[PDB]
């Protein structure tokens, strides 16, 4: 039998045959009390015990969330939709262990993204058996509440204080600290890693004092808290809570009555109203996400980062070459995943209004000016490409770079990557390039599965990324080998060196997109 004793009871695993070896998987370990009934909107409560041997042999329920149904049958979007029953009873986690069982393995904890409204640990691109098999690390991933059920905020009120999903993550980090040694793992070697909102989440755990001792090191893939979508101000969050009460028939004299009313609502009644809590939106809208709750976050995160009030440790940060394109076919006029999406200069300008609703006309004018200095005047795909880069630079690349600069300025080693390979199996059209989220499958080592129809070059690339991530986790240094390996230099605010990741060559380069990002940090805010 495959049985591990944990502080909350014994749990039964299952064997996976991986690359002619065995990985032991414990899928769907509860780590918190089910946030049902009176526990809805509260911080997660510690788990006491489950009754008998818990069978962690199938993934757990995913947290409640609206589904992306924009493209029925399309793998490109359905690969992100939850693949287990949705339920409010979702606070579970997964643990993959190398066989034979390690004595003190480094632990990698995955935090999925999904704009704080979606995601689940059970997606196939987050399958952790490959990393455990190939690098002999332990992999943990957890489900955390998303949407209003996860980030409804009445700051100061324990009935709905804000940042519950972040606290879900945190409680799972505490569970690893309490229990991972029984799975053979080193609680003193724990690396958080995640993508998009998960990366924004990792970046917020660097700032949260309660998480300081729950992990060693941090990997931020295509995301950071200073991205414009990631953190809502204290009273912007409160306002949206009130509007949800309004929209559901739960407006009440005092706040606890409002929360009382919202606990009576069906989950679908909450989920289907989440989109209407803001006056206007964008394809990158986070209606209920992290906020300044005074508990998980004691000040605006921008300030804590400025003042060095964060966990002093090593980080690995990076972005993808076409972060913006994904969001274009979700509300930008003239953009379809089924044509080559050539757009006019007028369609570009309409896209700016879609993605920048509350920005002045001269604000849009200067965005347009900064992104039209064409190398070749036509080149009929200039505006199509300009709009992607605007969305990608403003929402992801430039914030990730600025976070890395300011963080490295306080003395810890920081490593930046620019991932430029488009997957041979990427189901979206070619014009969308190296999309948001499509480095993940390489990080988790799926190209290592030869029966899966990736190219040999993608196996080598994924094998190299898998080595660097695991080496970063074990050693604070994302090295590959000492010899025959391009060195990954530290990111330093003067030189700002980064490593490119693709199949042709991995080069050290400097000041990624500095001319574009300089616009977004030092001019656009003044507008």
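Residue numbers count along the first chain shown, from 1.
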message: Which is higher on mean Cα B factor in this entry, 267 to 275 or 410 to 418?
response: 267 to 275
- request: Identify the stretch, either 392 to 400 or 343 to 351, whose C-alpha atoms have the larger mean B-factor according to the entry.
  value: 343 to 351
message: Checking the record values for 113, 333, 324, 228, which has the greatest CA B factor?
response: 333
- prompt: For the listed residues 362, 438, 167, 444, which one has the largest C-alpha B-factor as given in the deposited model?
  reply: 362
- prompt: What third of its chain's C-alpha B-factors does residue 236 belong to: lowest, middle or highest?
  reply: highest
task: Looking at the entry's B-factor column for C-alpha atoms only, identify whether residue 65 ranks in the lowest, middle or highest third of its chain.
output: middle
query: Compared with the other modelled residues in the chain, in which third is the CA B-factor of residue 448?
result: middle
query: How does residue 431 rank on Cα B-factor within its chain, lowest, middle or highest third?
result: highest
message: By the recorded C-alpha temperature factor, relative to the other modelled residues in its chain, which third is residue 49 in?
response: highest
